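Participant:
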Ligand SMILES: N=C(N)c1cc(-c2ccccc2)c(CNC(=O)c2ccc3cc[nH]c3c2)s1
Ligand SMILES: N=C(N)c1cc(-c2ccccc2)c(CNC(=O)c2ccc3cc[nH]c3c2)s1
Ligand SMILES: N=C(N)c1cc(-c2ccccc2)c(CNC(=O)c2ccc3cc[nH]c3c2)s1
Ligand SMILES: N=C(N)c1cc(-c2ccccc2)c(CNC(=O)c2ccc3cc[nH]c3c2)s1
Ligand SMILES: [Cl-]
Ligand SMILES: [Cl-]
Ligand SMILES: [Mg+2]
Ligand SMILES: [Mg+2]
Ligand SMILES: [Mg+2]
Ligand SMILES: [Mg+2]
Ligand SMILES: [Mg+2]
Ligand SMILES: [Mg+2]
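Chains as they are written, first to last, in the authors' numbering: chain B, 591 to 595; chain B', 591 to 595; chain C, -4 to 70, 78 to 137, 139 to 231; chain C', -4 to 70, 78 to 137, 139 to 231. A prime marks a further copy of an entry chain.
#1: Compute every distance between the C-beta of residue 86 of chain C and the non-hydrogen atoms of ligand 8, then say whether any falls below 7 Å.
#2: Runs of 4 residues minimum, wholly inside the segment 150 to 198 of chain C: which ones carry the alpha helix (DSSP H) assignment?
#3: Is there contact between the segment 84 to 96 of chain C' and the segment 157 to 164 of chain C', where contact requires at least three CB pairs shorter than 8 Å?
#4: Could you check what DSSP says for residue 135 of chain C' in three-state terms: helix, strand or coil?
#5: Following the continuous alpha helix (DSSP H) through residue 1 of chain C, name the residue where it begins and the one where it ends.
#6: Among residues of its own chain, excluding the 5 on either side of residue 23 of chain C, which ones have a beta-carbon nearer than 7 Å to its beta-carbon?
#7: Figure out for me which residue from C:16, C:106, C:123, C:178 has the closest Cα to the Cα of residue 95 of chain C.
#8: Return the residue from the list C':84, C':191, C':179, C':205 that minimises the CA-CA distance to residue 167 of chain C'.
#9: Alpha carbon to alpha carbon, what distance is there between residue 87 of chain C' and residue 18 of chain C?
#10: At a CB-CB cut-off below 7 Å, which residues of chain B' make contact with residue 219 of chain C'?
#11: In chain B, which residues lie with their C-beta within 7 Å of the C-beta of residue 171 of chain C?
#12: Use the C-beta contact count for residue 185 of chain C': other C-beta atoms within 10 angstroms, 16 or more gives buried, fewer gives exposed.
#13: Does any residue of chain C' bring its CB to less than 8 Å from the CB of residue 192 of chain C?
#14: Would DSSP call residue 18 of chain C helix, strand or coil?
#15: Please report the straight-line C-alpha distance between residue 108 of chain C' and residue 146 of chain C', rounded to a whole angstrom.
#16: Are the segment 26 to 36 of chain C and the segment 101 to 119 of chain C touching by the rule of at least three beta carbon pairs closer than 8 Å?
#17: Kindly list the residues whose CB is nearer than 8 Å to the CB of residue 157 of chain C', restricted to its own chain and excluding five residues on each side of it in sequence; keep chain order.
#18: Given residue 20 of chain C', which residues of its chain have a CB within under 7 Å of its CB, disregarding the five upstream and five downstream residues?
#19: Between the beta-carbon of residue 595 of chain B' and the beta-carbon of residue 53 of chain C', is there less than 8 Å?
#20: Taking 7 Å as the line, does the beta carbon of residue 90 of chain C fall inside it for any heavy atom of ligand 8?
#21: Suppose contacts are defined by Cβ-Cβ distances below 8 Å. Is residue 183 of chain C' in contact with residue 144 of chain C' by that definition?
#22: Would you verify that the beta carbon of residue 128 of chain C' is, or is not, closer than 8 Å to some beta carbon of chain B'?
#23: Could you check where the alpha helix (DSSP H) with residue 70 of chain C' kicks off and where it finishes?
#24: Going by C-alpha distance, which of C:63, C:8, C:55, C:125 is nearest residue 83 of chain C'?
#25: Residue 32 of chain C' lies in the alpha helix (DSSP H); which residues open and close that run?
#26: State yes or no: is the C-beta of residue 130 of chain C' within less than 8 Å of the C-beta of residue 56 of chain C'?
#27: Around ligand 9, what residues have a beta-carbon under 7 Å from a heavy atom of it, in chain order?
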């Protein structure tokens, strides 16, 4: 899954 | 800490 | 509010202790109590609120994905029922955060920095709802996009392209485009433009600011590598 | 019992799903519900019960240790209050498990394999209570020792020295001696004797049994390396 902050 | 199961 | 009797400062202090103890449910409850005191949140406090709920909902999302995958393969009622239980708890956490934003963090956030922060959060929690929604889904998705886009518009007017809240907003909005809106070209274009505009502004940054900005820029690059 | 209306088999199935989703609180609640159906537990079900509560209480213990360390260094009321909150929740989980063992897993466990399993658990949860007790503490410690020792006596009469329940009992009792009873020589002597007696019996084991036994033997060795 892609990075989120 | 030591191992326990 | 079960936290109504605790001092605001004590709630913040206990949120910081819960973080160190990796007790993210406690941390979120403490920060919910702090928000419900009715005063605006400082930058550190907004970060504490965001970290707490991100960790809680992140755990729920990871579990939901495991259960959904098992449910899909199996296609008794138990897998569906248990996936539904986790889903309902996740939706409850999202509704709680959206409730805090609507009562009354967003309306009382006058500064661009705060308003962008909370609008990003609104987009994030609608995005998490959209992950589990099944039709209703369209309205949730458009609501996430509108919150993200309003935050983007404000951030472009009021923050430099290296600002870490602006960068994280763009990172998350790009993921929204890719994984929710089925718009991978928009996702890739946003991540690339955001990365390049930040790169061109790094020369203005102190050592501390440079560390913040390049950390998020690496996440943008990581996602672009995944997507291309 | 909030699980009273769910079928026993459905509770077991959902405990297995919660494990895969790393939802250990849910897993423990499902297994508590299964125990409360009043029927004996199979080996797999005992393992599910044990894994669920071990993970729940393990998280609480890790958090308690973080908070206790902060409290010690600081020597307002907040750190103490929050450590106390976590401590009380940990004690509540231990009391719940001990309640299940006393009502009525232990009394209904006729086979040595089951009785040893539950007596080991009784020792473990008294040990966790002893970790946080402050004087009361003596009675808890002696109670842990008595449960462990009864399990040891049964295990020696009724199980081979490679049996994984016997091995894990000895591993945990050794840790009890070292970290709770302040008896490091007893801890080291038990780990060593247990390791050597198991080593001498490995030749009797199938490939599957050999894997189980050597895994725990490595934990015994790991602890001996830590302690010598
Ligand atoms: N307790 C906390 N978790 C925080 C306290 C403050 C804070 C403290 C004092 C004043 C203002 C803000 C935070 C904002 N700072 C960060 O460094 C940060 C750094 C890296 C990443 C990567 C993803 N998100 C990140 C956030 S995070
Ligand atoms: N204008 C700015 N550039 C900042 C002002 C303050 C500030 C404001 C008031 C008091 C103290 C500090 C900042 C504190 N850092 C963050 O919030 C932050 C958030 C997310 C990430 C992700 C990687 N790094 C991060 C840093 S950044
Ligand atoms: N769902 C689960 N967690 C289990 C199901 C069964 C089971 C399943 C079917 C029949 C009987 C028992 C278990 C017992 N087996 C193990 O292999 C085991 C292996 C390694 C370690 C290391 C520490 N503890 C361990 C336990 S664990
Ligand atoms: N008599 C025996 N040697 C066993 C009989 C059964 C059994 C009984 C009934 C049905 C199916 C299997 C066993 C299943 N394994 C465990 O319980 C177990 C528990 C802990 C650990 C730690 C490392 N490995 C482990 C294995 S072991
Ligand atoms: Cl359920
Ligand atoms: Cl508290
Ligand atoms: Mg006050
Ligand atoms: Mg649903
Ligand atoms: Mg205001
Ligand atoms: Mg029935
Ligand atoms: Mg106490
Ligand atoms: Mg019986």
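C-beta atoms are modelled at their ideal positions from N, C-alpha and C, and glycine is treated no differently.
Facilitator: In short, the structure shows the following:
#1: Yes; taking the cut-off as 7 Å, the Cβ of residue 86 of chain C has a heavy atom of ligand 8 nearer than that.
#2: The segment 150 to 198 of chain C contains, as complete alpha helix (DSSP H) runs of 4+ residues, the segments 167 to 182 (chain order).
#3: No contact exists between the segment 84 to 96 of chain C' and the segment 157 to 164 of chain C'.
#4: coil
#5: Run containing residue 1 of chain C: none; DSSP gives neither H nor E here.
#6: 47, 48, 51
#7: C:123
#8: Across the set C':84, C':191, C':179, C':205, the C-alpha of C':205 shows the shortest separation from the C-alpha of residue 167 of chain C'.
#9: 12 Å
#10: 595
#11: 595
#12: exposed
#13: no
#14: coil
#15: 15 Å
#16: yes
#17: 114, 117, 118, 121
#18: Excluding sequence positions up to five before and after residue 20 of chain C', its CB lies within less than 7 Å of the CB of 51, all in the same chain and listed in chain order.
#19: no
#20: yes
#21: yes
#22: no
#23: Residue 70 of chain C' -> no alpha helix (DSSP H), and no H or E assigned at all.
#24: C:8
#25: Note, residue 32 of chain C': premise wrong, no alpha helix (DSSP H); not H, not E.
#26: In this structure, residue 130 of chain C' lies near residue 56 of chain C', with their beta-carbon atoms less than 8 Å apart.
#27: Qualifying residues come out as C:35, C:110, C:111, C:112.
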